[PDB]
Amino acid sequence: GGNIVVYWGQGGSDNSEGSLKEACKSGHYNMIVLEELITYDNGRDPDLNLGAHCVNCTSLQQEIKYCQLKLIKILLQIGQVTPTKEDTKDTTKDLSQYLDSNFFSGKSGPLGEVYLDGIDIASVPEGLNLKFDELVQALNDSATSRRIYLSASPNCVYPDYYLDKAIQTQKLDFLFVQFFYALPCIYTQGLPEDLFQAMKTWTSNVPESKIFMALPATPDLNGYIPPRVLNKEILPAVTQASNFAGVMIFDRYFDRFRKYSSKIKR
């Protein structure tokens, strides 16, 4: 089956996109990125935002552990940095410490008593105080024997305006490169040329990281690649890169109904 990851958490409620446990139980995925943690440039404690799944999300603990028991990695995405004009000391250091204590120590944090597998950073602006590359360095230099995977979700345009500094730390394990919405590098009908060139650029310029092609599971999003095109046309070309890792599915909501991941080649 190879490596197929998925985003979950912003697809509505358990009714609309399924529980986290349902996603894991499906067997389609070996990694899930939870969307998303809101962080504060002024150092206020982060706010978890799993939409209509939960407000008290501590009961997700058992679902996270169920997933991990099935060898599925669970990463939390930082999706929003609320900016401040105030100059505040130690914001990045303090966020790293907050994350370590609340998600990477088995202690009672917003997702219950878990050890998550890592942190993803969305392609969004950093703060005047909170800096992504500094955060990546801090997390990797965490006082723990646990492995904290670090990743980012840049758009397919290289360099990514928001994430390039974090990428150039050389400390990201995975990149989920987004080939959806309107960008010059997405697949369009009968035209993978720009996608191929972008994949060449990402794989060659970030040889230290595993590169995922993040694709939409619905034809109602720009960048959609029909499964036969993906299997016969795209994967044969992009898999020539030694650091091509697999496909990241945007997102669990669309995949739950479309069963796109089910149609990807073995």
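So that there is no doubt, residue numbering starts at 1 and follows the sequence shown.
- For the pair 88 to 96 and 117 to 125, the record assigns the higher mean C-alpha temperature factor to 88 to 96.
- Higher mean CA temperature factor, per the PDB entry, when comparing 34 to 42 with 52 to 60: 52 to 60.
- Per the deposited coordinates, the residue with the largest Cα temperature factor out of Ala166, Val157, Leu150, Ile78 is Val157.
- Ranked against the other modelled residues of its chain, the C-alpha B-factor of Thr82 as given in the entry falls in the lowest third.
- For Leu191, the recorded CA temperature factor ranks within the highest third of the chain's modelled residues.
- Split the chain's modelled residues into thirds by C-alpha temperature factor. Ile4 is in the middle one.
- Compared with the other modelled residues of the chain, the Cα B-factor recorded for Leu221 ranks in the highest third.
- When the modelled residues of the chain are ordered by C-alpha B-factor, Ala237 sits in the highest third.
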